[PDB]
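Just one chain is shown here, as structure tokens, and it is the form deposited in one PDB entry.
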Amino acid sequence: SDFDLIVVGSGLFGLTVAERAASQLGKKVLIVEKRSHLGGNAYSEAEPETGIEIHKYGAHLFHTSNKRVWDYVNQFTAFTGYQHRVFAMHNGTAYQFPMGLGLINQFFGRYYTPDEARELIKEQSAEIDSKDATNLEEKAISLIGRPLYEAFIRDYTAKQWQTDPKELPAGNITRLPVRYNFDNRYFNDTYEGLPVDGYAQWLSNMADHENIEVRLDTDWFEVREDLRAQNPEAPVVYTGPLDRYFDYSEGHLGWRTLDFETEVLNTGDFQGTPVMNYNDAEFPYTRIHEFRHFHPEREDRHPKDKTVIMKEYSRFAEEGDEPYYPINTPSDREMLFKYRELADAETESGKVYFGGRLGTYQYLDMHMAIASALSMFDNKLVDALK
């Protein structure tokens, strides 16, 4: 028998689980990854012409307030001091973003003290009682007022979810916080940074252990009869699609996908910030990423008069698209439930554990996936591998 553990999927969840087993329990791990590379969607690589590090599966920003995770993660990479900030384009003006005093002054046309702004938001949002809000539009209005909702929320939402917010259902927003200071640090986590040597290097490291064999370009469902037969004792951590695992017997869970239009441009700086949101309906893309700006420490390496940008587009994920964000319509929810029960059975009866973004039909930040894998390793995999 070849392996004590089988991990399907090479994302942060899979990797963490495989790496812990390998180095903590001394067990032997096979990682079966369907793509040609490790790391799932966190994987990055050099754009050929500029050499700038880019993401083909979406921009990734590491941040966490979990010291265990931070310490763990720092075993495989150093991190830059990068602090993620975002701006929001509305009617040809780049707004300071997360809503706070900066956006408020730009928007309403004059400076508001912290107390004056609290009062402003209340006066604006009073048009509707949260109690009386019958949908998402009303709920949002009830929280931040119609002008801010109409300026920065409505269209942006329609683009991402391709639905009128008048038609989404009110419970979808519990809160829309306004910062009543000038703090525009996008994350409020203790630790934040980008991998000094790029993502690929970091993920590659997590998998570089003597007790780990990586199997790229290999669909689990194509080789699972063999592998199970040869390693009948070995449990399985599955981070693949949950509905696909059960042969879509309860239907197909709905995801949004993302399209990325990449351009190399003959300027050294296109927007002077890593990410520009586009809140208006008049521009089809949701954001533009300019990647050089993610690693300002590399400016000497970087082209002087070239930059790579990437326009992002939201779309329902169809036959052949990469699934990215779970949609969670009522049907999706009822469907998820049936699959969740089936999974419970499978785990008990089969020693097949489900994890990760796809495995659980749930969006996970990198640090939340890592935490969840540390938990599964602790509460389940040490016993199961004992």
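Note that residue numbering begins at 1 and tracks the sequence as displayed. Take the two forms, find the largest set of C-alpha atoms that superpose within 1.5 Å, and that set is the rigid core.
If you look for the form deposited in another entry, you will not find it shown, but the lines that follow are about it.
Superposing the rigid core between the shown form and the other one leaves a single residue from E127, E222, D115, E299 with a C-alpha shift of at least 2 Å: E127.
Once both forms are fitted on their rigid core, the CA atom of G145 lies 2 Å or more apart between the shown form and the other one. The rigid-core alignment places the CA of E263 less than 2 Å apart between the shown form and the other one. After superposition on the rigid core, the Cα of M310 moves by less than 2 Å between the shown form and the other one. The distance between the CA atoms of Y325 and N172 is at least 3 Å shorter in the other form than in the form shown here. Between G171 and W255, the Cα spacing is smaller in the other form than in the shown form, differing by no less than 3 Å.
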